[PDB]
Amino acid sequence: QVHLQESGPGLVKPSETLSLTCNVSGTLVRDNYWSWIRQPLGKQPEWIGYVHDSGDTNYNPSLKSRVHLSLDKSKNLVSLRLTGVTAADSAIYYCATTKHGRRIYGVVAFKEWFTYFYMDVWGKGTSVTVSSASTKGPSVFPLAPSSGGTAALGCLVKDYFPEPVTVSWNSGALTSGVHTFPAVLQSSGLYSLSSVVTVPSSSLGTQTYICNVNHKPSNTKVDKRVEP
Amino acid sequence: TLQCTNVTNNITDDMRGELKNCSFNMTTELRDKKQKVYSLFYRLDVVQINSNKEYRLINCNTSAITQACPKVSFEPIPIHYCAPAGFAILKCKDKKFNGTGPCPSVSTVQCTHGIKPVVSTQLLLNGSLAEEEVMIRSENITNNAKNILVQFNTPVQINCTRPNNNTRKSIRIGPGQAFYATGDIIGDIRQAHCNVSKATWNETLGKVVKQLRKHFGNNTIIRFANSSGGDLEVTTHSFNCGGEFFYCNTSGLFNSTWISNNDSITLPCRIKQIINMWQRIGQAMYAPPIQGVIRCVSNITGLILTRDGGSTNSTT
Amino acid sequence: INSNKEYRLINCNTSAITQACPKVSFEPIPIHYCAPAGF
Amino acid sequence: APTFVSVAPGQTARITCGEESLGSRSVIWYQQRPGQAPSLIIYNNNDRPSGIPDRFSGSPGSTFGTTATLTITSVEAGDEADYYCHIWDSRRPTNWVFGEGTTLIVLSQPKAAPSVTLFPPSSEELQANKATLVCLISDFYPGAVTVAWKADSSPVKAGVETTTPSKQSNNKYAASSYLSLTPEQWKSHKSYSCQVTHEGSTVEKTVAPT
Ligand SMILES: *[C@@H]1O[C@H](CO)[C@@H](O[C@@H]2O[C@H](CO)[C@@H](O[C@@H]3O[C@H](CO[C@H]4O[C@H](CO[C@H]5O[C@H](CO)[C@@H](O)[C@H](O)[C@@H]5O)[C@@H](O)[C@H](O[C@H]5O[C@H](CO)[C@@H](O)[C@H](O)[C@@H]5O[C@H]5O[C@H](CO)[C@@H](O)[C@H](O)[C@@H]5O)[C@@H]4O)[C@@H](O)[C@H](O[C@H]4O[C@H](CO)[C@@H](O)[C@H](O)[C@@H]4O[C@H]4O[C@H](CO)[C@@H](O)[C@H](O)[C@@H]4O[C@H]4O[C@H](CO)[C@@H](O)[C@H](O)[C@@H]4O)[C@@H]3O)[C@H](O)[C@H]2NC(C)=O)[C@H](O)[C@H]1NC(C)=O
Ligand SMILES: *[C@@H]1O[C@H](CO)[C@@H](O[C@@H]2O[C@H](CO)[C@@H](O[C@@H]3O[C@H](CO[C@H]4O[C@H](CO)[C@@H](O)[C@H](O)[C@@H]4O)[C@@H](O)[C@H](O[C@H]4O[C@H](CO)[C@@H](O)[C@H](O)[C@@H]4O)[C@@H]3O)[C@H](O)[C@H]2NC(C)=O)[C@H](O)[C@H]1NC(C)=O
Ligand SMILES: *[C@@H]1O[C@H](CO)[C@@H](O[C@@H]2O[C@H](CO)[C@@H](O[C@@H]3O[C@H](CO)[C@@H](O)[C@H](O[C@H]4O[C@H](CO)[C@@](*)(O)[C@H](O)[C@@H]4O)[C@@H]3O)[C@H](O)[C@H]2NC(C)=O)[C@H](O)[C@H]1NC(C)=O
Ligand SMILES: *[C@@H]1O[C@H](CO)[C@@H](O[C@@H]2O[C@H](CO)[C@@H](O[C@@H]3O[C@H](CO)[C@@H](O)[C@H](O)[C@@H]3O)[C@H](O)[C@H]2NC(C)=O)[C@H](O)[C@H]1NC(C)=O
Ligand SMILES: *[C@@H]1O[C@H](CO)[C@@H](O[C@@H]2O[C@H](CO)[C@@H](O[C@@H]3O[C@H](CO)[C@@H](O)[C@H](O)[C@@H]3O)[C@H](O)[C@H]2NC(C)=O)[C@H](O)[C@H]1NC(C)=O
Ligand SMILES: *[C@@H]1O[C@H](CO)[C@@H](O[C@@H]2O[C@H](CO)[C@@H](O)[C@H](O)[C@H]2NC(C)=O)[C@H](O)[C@H]1NC(C)=O
Ligand SMILES: *[C@@H]1O[C@H](CO)[C@@H](O[C@@H]2O[C@H](CO)[C@@H](O)[C@H](O)[C@H]2NC(C)=O)[C@H](O)[C@H]1NC(C)=O
Ligand SMILES: *[C@@H]1O[C@H](CO)[C@@H](O[C@@H]2O[C@H](CO)[C@@H](O)[C@H](O)[C@H]2NC(C)=O)[C@H](O)[C@H]1NC(C)=O
Ligand SMILES: *[C@@H]1O[C@H](CO)[C@@H](O[C@@H]2O[C@H](CO)[C@@H](O)[C@H](O)[C@H]2NC(C)=O)[C@H](O)[C@H]1NC(C)=O
Ligand SMILES: *[C@@H]1O[C@H](CO)[C@@H](O[C@@H]2O[C@H](CO)[C@@H](O)[C@H](O)[C@H]2NC(C)=O)[C@H](O)[C@H]1NC(C)=O
Ligand SMILES: *[C@@H]1O[C@H](CO)[C@@H](O[C@@H]2O[C@H](CO)[C@@H](O)[C@H](O)[C@H]2NC(C)=O)[C@H](O)[C@H]1NC(C)=O
Ligand SMILES: *[C@@H]1O[C@H](CO)[C@@H](O[C@@H]2O[C@H](CO)[C@@H](O)[C@H](O)[C@H]2NC(C)=O)[C@H](O)[C@H]1NC(C)=O
Ligand SMILES: *[C@@H]1O[C@H](CO)[C@@H](O)[C@H](O)[C@H]1NC(C)=O
Ligand SMILES: *[C@@H]1O[C@H](CO)[C@@H](O)[C@H](O)[C@H]1NC(C)=O
Ligand SMILES: *[C@@H]1O[C@H](CO)[C@@H](O)[C@H](O)[C@H]1NC(C)=O
Ligand SMILES: *[C@@H]1O[C@H](CO)[C@@H](O)[C@H](O)[C@H]1NC(C)=O
Ligand SMILES: *[C@@H]1O[C@H](CO)[C@@H](O)[C@H](O)[C@H]1NC(C)=O
C-alpha cells in the first residue's frame, strides 16, 4: 500500500518562505517521480512542478523564481519551499506520486514525440492560508444532550484561526453517526465549527463521550466530555 | 521584407526551426491601400538580412521568380519519340549491352517505348529495368571524372511521404493575378522522409559490387560513401512528388564496405518551393503549396556514381 | 467600396485590363472562308 | 467560469473542458468529489486505470479542432462531482493549470427533509461570561436555506452567523447557525427558537432555560 501524508504550517505571513513536507510511507523516494499540486478555493488545480533523482527536476514557468523542491533519501520524504508568498498562494497543496509516459506520433528517431506525466496516487493534502493576522487558540464548549428512543449530542469549537480543525470522537473509536459541520467566518475574522453525534438515549453508562479537537496552526489538541 | 518567427511548436533547440512564420506587406487589387498578410516558408527558401529578425526570399538577389499555375501538373507521362518519313530508329535487343559497340540483334522501330521524363538526381526512378544481371555503363571507366550509370534488374520499393497537412491560402494580388501562400499546418510538425526496405537494398548493393569487381579486379575492396559537397541539388536525392520538391539525405544509403567475399531505412527529406533547375539563372519557379499529406511509392531503377581520384589505385 | 463617396473600376477585382488602340477599328468587314487544295 | 451539466440517472453525461484541440493531445482527466482529493479517471485520452468502470470514456486525442469531451454512460447519483482535464498538446507548452472544470448534476435526487437540532448554551461557556445557541441543519436537498432566530416572539437582529450549504458525499448539505448571547440575555427571555426556511417548508425548534 502507498500512503502519503502532507504537513505544513498552515498559516504563512506575506513576503515569507512557505515550507511544506510530504511524509511518504510505502515506497522509496528514489524509485518514483514526485509532483506537487496546488488549488485555490473554487479554482482549477495548478501544477507546481515535478521532482526526481539524478537531477531530473522542472518547475512551473509561472512560479520559476520562487519555488524550490528537494528529496530527502535519508529521512524518506519530499520537501517544498516557496519564497515571497502573497494572498494568491493561499490554497490546498497536494503531494502525489508520478508515472511518466511517452506519446509517439512520428518516426521516433526524429524526436517526433513528447513525454506526458500523470498522478495516480494522491495524498490527503495540507491547508495553507496566507494572512498577516495572528493565530488564535480555540475555546471548546460542550453541547448538553436533549432528546423517540434517540438523543442528540455534540461539541462546539468557538473562535479560532485559521482552518482547519480535526475533530474525532473517543480517540477515533466512534465513526458511526458523526456529522461534522463546516466552520463560520465571524465578522471579527475568526472561524467556529460544530460536530454532532446521533446516539441512543440509553446512555446512563457512563458511556463516556469525549470529542477530540485538534488545531495544527495553534498546535492545540482539546478533548471535551459532554454530560447532561 | 519578411518579419518571420518560429512556427508554433514546443522546442527543442535542435529543431533549428526549419519552418518559419513570416508576416509582410502586400499589394491588393487596388494601387492604394496596403495589405498585412502572413505566409509559411521553408528555411531553404528564405535568407535573413541585417527589432525583429528580418528575412527575404532566397532568389530576390539572384533572378526573377514565377509561380507555377495550379492547373498544370508535374506528373511524368510516357512520351514516345518518333522519326520522320525517310528516317528510322534502330533498337538494340541484346540482353547484355553496355551502350557502346556493335549490336548482334538489332530491330527497327518508328517510335520508341514510353519514356517518362522523370527529373531526379542520385537515384534513377521509374526507369526500364535491365535484363538478367545488372548492367554497369560508363563513358570512361579509367577516368574518375566521368559518371557511372548503373541499371537495375529488380526494382527497389521506395516510399516517400510529406507528413504535413498544409492549407492553401489564396491571397489576391490583383487585378487578375493570385498568389497561393501556405496557411497554418493541421496536426504535428513532422518532416518529409523516404523509406527503403533494408532487405531489398542489401541484395541490390551486393549485386552491383559483384559487377564492379569485373572492372576493378576480382579480389578488391569496394567502399560506398556519400557525396563530396556543393549545391543542394547534387548532394541530395532531388525529386518531385505531389507537386512539392523533396531533397532527401542519402547518407544512410551509401555507408558500406564490401570485401571480395527486418524493417525500413528512413531518410531525412527537406522540401524547397523556390527552385532554379537545369542550372538556369533568370527563371525561378515557386512551386505552389499542396493541400494534405502527399504520399508516393516509386521504383528505384538505377544510380549515377562518380569515383574518387585518390590512388592507391590497385587497392580499394 | 466602403468623407466623399469612393469608387473603383469594376474589373480591378476580376482580372487585368487593356485599352484598345485608337488606330484599329471595330468595323465588321466581309470575310470569305475558303478551302485548301484537294478540299 | 464555472459550468454545469444536469443528466437524469441512468442516462449519458458528456463534459467539455479545456481549449480547442490544435494538435495531437494526451488529455488526462480527473474527478474531484467535494471535500476530498483529486483521483485519476482517464489518462491518455481514453485509457482507464485499474478500478475505473467502462462507463467513463473520453474522446480520442487524434481529432484536430475539437474540445476535450468526457462521456459517462449509465449516470448514477455517485457520479455527481467535479471533473478537470489536463491538456497535453504537441504544439502548446506544458499546461501547468488544468482546464476549467464542469460540474455534473444527477437529476431526480430529488428532495430531502432537513434534520435540525438546537443546542442550548453550554454550562461551560456561561462561566466564561459567554453564551452561544447552536442550530445544526443536515440531510437536506438542495442546499439553499434561510435561518431566522427568535427571542420569544420577537426576532433577533444582531449576533447571527450562518455557514453556507456544503454537500458531503451525499444529498446531505451542511449548515450550522450560531447566536452569540450574553448570560444575562439567555436567562432573560422565556425561550429561544430556531426557524429554518427550506424550499417551501419551515421547521421550528425551541429551547427553554432550566
Ligand atoms: C517509414 O518507416 C518508419 C519507421 O519504420 C515509419 O515510422 C512509423 O510511422 C508510424 C505512423 O506514421 C508510427 O505509428 C505510430 O505508432 C504509435 C505507437 O505504436 C506502437 O506502440 C503501440 C503501443 O506500444 C506501447 O504500449 C505497449 C503496451 O500495449 C508497450 O508494451 C510498449 O512498450 C509501448 O509503450 C503498439 O500497439 C503499436 O503496434 C502497432 O503496430 C503493429 C505492427 O508493427 C500492429 O501489429 C499493432 O496491432 C499496432 O497496430 C494497431 O493495432 C490496433 C488495431 O489492431 C490499434 O488500435 C493500435 O492503436 C495500433 O495502432 C506500435 O508498436 C501509435 O500510437 C500511433 O498511432 C496513434 O497516433 C496516431 C497519431 O496521433 C493516431 O492517429 C492513432 O489513432 C493512434 O492514436 C491512438 O493511440 C494513442 C497512443 O496509445 C492514444 O493516445 C490515442 O488517443 C489513440 O488511442 C485511442 O484512439 C483509437 C482510435 O481508433 C482507439 O482505437 C484506441 O482504442 C484509443 O481509444 C502511430 O500509429 C510509428 O511509430 C513509426 N515508427 C515505427 C518504427 O514504425 C513510417 O511510417 C514509414 N513511412 C512509410 C510511408 O511507410
Ligand atoms: C503565424 O503568426 C500569425 C500572426 O501574424 C498567427 O495568426 C494569429 O493567430 C492567433 C492565434 O493564436 C490569432 O489570435 C486569435 O484571434 C481570434 C480572432 O478573434 C475573432 O473573434 C473575436 C470575438 O471573440 C472578434 O472580436 C474578432 O474580431 C475576431 O473575429 C481570437 O478569437 C482568438 O482568441 C482565442 O484564443 C485566445 C488565446 O489566449 C483565448 O484566450 C480566447 O478565449 C480564444 O479562445 C485568438 O486571439 C490571430 O488573430 C492571428 N492573426 C492573424 C493576422 O491571422 C498564426 O496562427 C501563426 N501561425 C503559425 C503556424 O505559427
Ligand atoms: C516541450 O519541449 C521541452 C523541451 O525543452 C520538453 O522538456 C524536456 O523534456 C526532456 C525529456 O522529455 C528533458 O530531458 C531530460 O533530461 C534529463 C537530464 O537532465 C534526463 O535524465 C531525462 O531522461 C528521462 O526522460 C526521457 C524522456 O525521453 C526518458 O526516455 C528517459 O528514460 C529518462 O526517464 C530527459 O532526457 C528536458 O530536460 C526537458 N526540457 C526542459 C527545458 O524542461 C517537454 O517535455 C516538451 N513537452 C511537450 C508537451 O511537448
Ligand atoms: C514498379 O515495379 C512493379 C513491379 O515490381 C510494377 O508492377 C507491375 O506493373 C506491370 C505493368 O506496369 C504489371 O504487368 C501487368 O501484368 C498483367 C498480368 O496479367 C497484364 O495483364 C498487364 O497488361 C501488365 O502487363 C505487373 O503485373 C505489375 N507487378 C505486379 C506484381 O502486379 C509497377 O508498375 C512499377 N511502377 C512504376 C514503374 O511506376
Ligand atoms: C511502401 O508502401 C507499400 C504500399 O503502400 C508497401 O507494400 C505493402 O506491404 C504490406 C506489408 O508490410 C502489405 O500488407 C499486408 O500484406 C499481407 C500479406 O503478408 C496481407 O495479408 C495484408 O492484407 C496486407 O496486404 C500491403 O498489402 C502492401 N501494399 C501494396 C499496395 O502492395 C511497402 O511495403 C512499402 N515499402 C516500405 C519500404 O515501407
Ligand atoms: C507594412 O507597412 C507598414 C506601413 O503602413 C509598416 O508600418 C510602419 O513601419 C515603420 C517601420 O517599419 C514605422 O516607422 C511606421 O511608424 C509604421 N507605420 C506607418 C508607416 O503608418 C509595417 O511595419 C510594414 N510591415 C512589414 C514591413 O512587415
Ligand atoms: C544571393 O544571396 C545568396 C544567399 O545570401 C548568396 O549565397 C551566398 O554566397 C556566398 C558566397 O561567398 C556564400 O559564402 C554563402 O554561404 C551563400 N549563402 C547561402 C545562404 O547559401 C549569393 O552569393 C547572393 N548572390 C549575389 C549577392 O549575387
Ligand atoms: C563495351 O563492351 C564492348 C564489348 O562488346 C567492349 O569492347 C571490348 O573492350 C575490351 C576492353 O574493355 C577490348 O579488349 C575488346 O577488344 C573490345 N571489343 C571490341 C569488339 O571492341 C567495350 O570496351 C565496352 N565499353 C566500355 C566503356 O566498357
Ligand atoms: C545527412 O546525414 C548525416 C548523417 O546522418 C548528417 O551528419 C550529421 O551532422 C550533424 C551536424 O549537422 C552531426 O552532429 C552528426 O553527428 C552527423 N551525423 C553523423 C552520423 O556523423 C548530415 O548533417 C545530414 N545532412 C546533410 C545535408 O548532409
Ligand atoms: C554507417 O553505419 C555505421 C553502423 O553500421 C555507423 O556507425 C556508428 O558509429 C557510432 C560511433 O562512430 C556509434 O555510436 C553508432 O552506434 C554506430 N551505429 C550503429 C548502428 O551501431 C556510422 O555512423 C554510419 N555512418 C554514417 C555516415 O551514417
Ligand atoms: C487536412 O485538414 C482539412 C481541414 O483543414 C481536412 O478536410 C476536412 O475533411 C473532412 C473529411 O475528410 C471533411 O468532412 C471536412 O469538411 C474537411 N474540412 C474542410 C475545411 O473542408 C482534411 O481531411 C485533412 N487531411 C487529412 C489527411 O486528414
Ligand atoms: C468583383 O466585384 C463585383 C462587383 O462588386 C462582384 O460582383 C458581385 O457579386 C455578388 C455575388 O454574391 C453579387 O451579390 C453582387 O451583386 C455583385 N455586384 C455587382 C455590382 O454586380 C464580384 O463578385 C467580385 N468578384 C470577386 C470578389 O471575386
Ligand atoms: C515525518 O515522519 C517522521 C517519522 O516517520 C517524523 O519524525 C517526522 O516529524 C514527520 N515529518 C513531519 C514534517 O512532521
Ligand atoms: C527560433 O528557433 C531557433 C531554434 O534554435 C532559435 O534559436 C531562435 O532563437 C528562435 N527564434 C524565435 C524568434 O523564436
Ligand atoms: C579514358 O581516360 C584515360 C585516362 O583517364 C585516357 O588515357 C583515355 O584516352 C580515355 N579514353 C578512352 C580510354 O577511350
Ligand atoms: C545483409 O546485411 C546484413 C547487415 O545489414 C548482413 O548481416 C547480411 O549478411 C546481409 N545479407 C547477406 C545475404 O549477406
Ligand atoms: C572473377 O572471378 C569469378 C569467380 O569467382 C569469375 O566467375 C569471373 O569471371 C571473374 N571475373 C574476371 C576474371 O574478370
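Residues numbered from 1 in each chain as written, not as in the entry; some residues may be left out. Chains lettered and ligands numbered in written order. Part of a larger assembly, values for the part shown. Heavy atoms only, no water.

The deposited entry bears the title "Crystal Structure of HIV-1 BG505 SOSIP.664 Prefusion Env Trimer in Complex with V3 Loop-targeting Antibody PGT122 Fab and Fusion Peptide-targeting Antibody VRC34.01 Fab".

The PDB entry lists chain B under the name BG505 SOSIP.664 gp120, from Human immunodeficiency virus 1.

S.K.: Looking at this model, I keep getting lost on helix α1 (residues 198-212) of chain B. Mind explaining?
M.R.: The periodicity of an α-helix, 3.6 residues per turn, causes residues three or four places apart in sequence to face the same way. Residues and elements named next belong to chain B. The end-to-end C-alpha distance of α1, which contains 15 residues, comes to 21 Å, matching closely the 21 Å that a straight helix rising 1.5 Å per residue would cover. Listing the buried residues of α1 in full gives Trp201, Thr204, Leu205, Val208, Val209, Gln211 and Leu212. Down the axis of α1, the buried set is contained in an arc of 155°. They therefore lie on one face. (Helix = DSSP H or I, 4+ residues; strand = E, 2+ residues; numbered from the N terminus. Expected span 1.5 Å × (residues − 1). Buried < 20%, exposed > 50% of the residue type's maximum accessible area, 1.4 Å probe, protein only. Arc of directions from axis to C-beta.)

S.K.: Before we go on, may I ask you to explain the sheet that holds strand β20 (residues 274-275) of chain B in this structure?
M.R.: Backbone-to-backbone hydrogen bonds pair the strands of a sheet. The strands run either parallel or antiparallel. All names here are of chain B. Taken together, 3 strands build an open sheet; the order of strands is β6-β21-β20 and the sheet is mixed. Only two strands of the sheet have a single partner each, and these edge strands are β6 (64-67) and β20. Sheet topology places β20 next to strand β21 (residues 283-286); 2 bridges connect them, and they run antiparallel. Bridging across to β21, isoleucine 275 finds its partner in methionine 285. (Pairing = 2+ DSSP bridges.)

S.K.: Even after reading the chapter, I still don't get the interface of chain D and chain B, so can you show me in this structure?
M.R.: The parts lose accessible area when they come together, and the size of an interface is often stated as this lost area. With 8 residues of chain D at the interface, the matching set in chain B holds 8 residues. Area buried by chain D at its contact with chain B is led by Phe64(D), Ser90(D) and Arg91(D), which between them contribute 73% of it. The interface formed by chain D and chain B contains 0 salt bridges. The residue makeup of the side of chain D that touches chain B, split by class, is 3 nonpolar, 3 polar and 2 charged. (Contact = heavy atoms within 4.5 Å. Buried area = accessible area lost by both parts, 1.4 Å probe. Salt bridge = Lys/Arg side-chain N within 4 Å of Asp/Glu carboxyl O. Nonpolar A, V, L, I, M, F, W, Y, C, P; charged D, E, K, R; others polar.)

S.K.: Honestly, the arrangement of the chains in this entry has me stumped. Any pointers?
M.R.: Taking contact number as the criterion, the leading pair out of 4 pairs of chains in contact is chains A and D. Contact between chain A and chain C is absent, and the minimum C-alpha spacing across the pair is 43 Å. There is a clear gap between chain C and chain D: no contact, and 33 Å between their nearest C-alpha atoms.

S.K.: Would you explain the interface of chain D and chain A in this entry?
M.R.: With 46 residues of chain D at the contact, the number on the chain A side is 48 residues. Between chain D and chain A, the buried area comes to about 3,900 Å², and carbon and sulfur atoms account for 67% of it. When the buried surface of chain D facing chain A is broken down by residue, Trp88(D), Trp96(D) and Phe119(D) rank first, second and third, together holding 21% of it. At the surface where chain D touches chain A, the tally comes to 1 salt bridge. For the pair chain D and chain A, the interface holds 11 residue pairs in polar contact. Here the side of chain D that touches chain A gets 6 residues from one element, more than from any other, and that element is strand β10 (residues 131-140) of chain D. (Polar contact = N/O pair within 3.5 Å; in protein donor to acceptor, adjacent residues only side chain to side chain.)

S.K.: Is there a simple way to think about the pairing of strand β14 (residues 192-197) of chain B in this case?
M.R.: Regular strands place side chains that alternate from one sheet face to the opposite one. All names here are of chain B. Pairing between strand β11 (residues 148-162) and β14: 4 bridges, direction antiparallel. For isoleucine 158, the partnering residue across the bridge sits in β14 and is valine 196. Relative to strand β19 (residues 264-272), β14 runs antiparallel, the two being bridged by 6 bridges. Looking across to β19, one finds that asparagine 195 is bridged to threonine 266.

S.K.: In this structure, what is going on with the site of ligand 4? I would like to understand it.
M.R.: Residues and elements named next belong to chain B. The local shell around ligand 4 consists of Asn126, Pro155 and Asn299. Separating an oxygen atom of ligand 4 from a side-chain N or O atom of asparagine 126 is a distance of 2.3 Å. Contacts to ligand 4 include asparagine 299, whose side-chain N or O atom sits 2.5 Å from an oxygen atom. Surface burial for ligand 4 is 16%, taken as the share of its 750 Å² of free accessible area covered by protein chains. (Near = heavy atom within 4 Å. Areas by Shrake-Rupley, 256 points an atom, 1.4 Å probe, with all protein chains shown as cover.)

S.K.: Just checking my understanding: could you explain the pattern of salt bridges for this structure?
M.R.: A side chain of one charge can pair with a side chain of the opposite charge when the charged atoms of the two come close. This structure, assessed with the given rule, holds 16 salt bridges over all chains. Across the pair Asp14(B) and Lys111(A) runs a salt bridge whose closest N-O atoms are separated by 3.9 Å. Taken together, the positions of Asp14(B) in the loop between β1 (2-3) and β2 (19-25) and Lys111(A) in the loop between β9 (91-104) and β10 (113-119) put the pair across two chains. The shortest N-O distance in the salt bridge between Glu19(D) and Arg92(D) comes to 2.3 Å.

S.K.: How do you make sense of the state of the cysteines when you look at a structure like this?
M.R.: Such a bond, covalent and formed between the sulfur atoms of two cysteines, is termed a disulfide. Counted under the stated rule, the structure contains 10 disulfides over all chains. Put simply, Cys92(B) and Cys103(B) are joined by a disulfide, and their sulfur atoms are 2.1 Å apart. Here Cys92(B) and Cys103(B) share a disulfide; its torsion about the S-S bond, 110°, makes the bridge right-handed. Placement of the pair is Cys92(B) in strand β7 (residues 89-92) and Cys103(B) in the loop between β7 and β8 (106-109), with a sequence separation of 11 residues. Owing to a relative accessible area of 22%, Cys103(B) belongs among the partly exposed residues under this scheme. The residue that forms a disulfide with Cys17(D) is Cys85(D), at a sulfur-sulfur distance of 2.0 Å. Its S-S torsion of approximately -80° makes the covalent link between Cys17(D) and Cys85(D) left-handed. With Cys17(D) in strand β2 (residues 12-20) and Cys85(D) in strand β7 (residues 82-86), this residue pair connects regions lying 68 residues apart in the sequence. You can call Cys85(D) buried: its relative accessible area is 0%. With its disulfide-bonded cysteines labelled consecutively along the sequence, chain B is connected as 1-2, 3-6, 4-5, 7-8, 9-12, 10-11. Considering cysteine sulfurs only, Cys22(B) is the nearest to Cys60(B), which forms no disulfide, with 12 Å between them. Summary of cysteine pairing: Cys69(B) is not part of a disulfide, and the nearest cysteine sulfur, belonging to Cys60(B), is at 19 Å. (Disulfide = S-S within 2.5 Å.)

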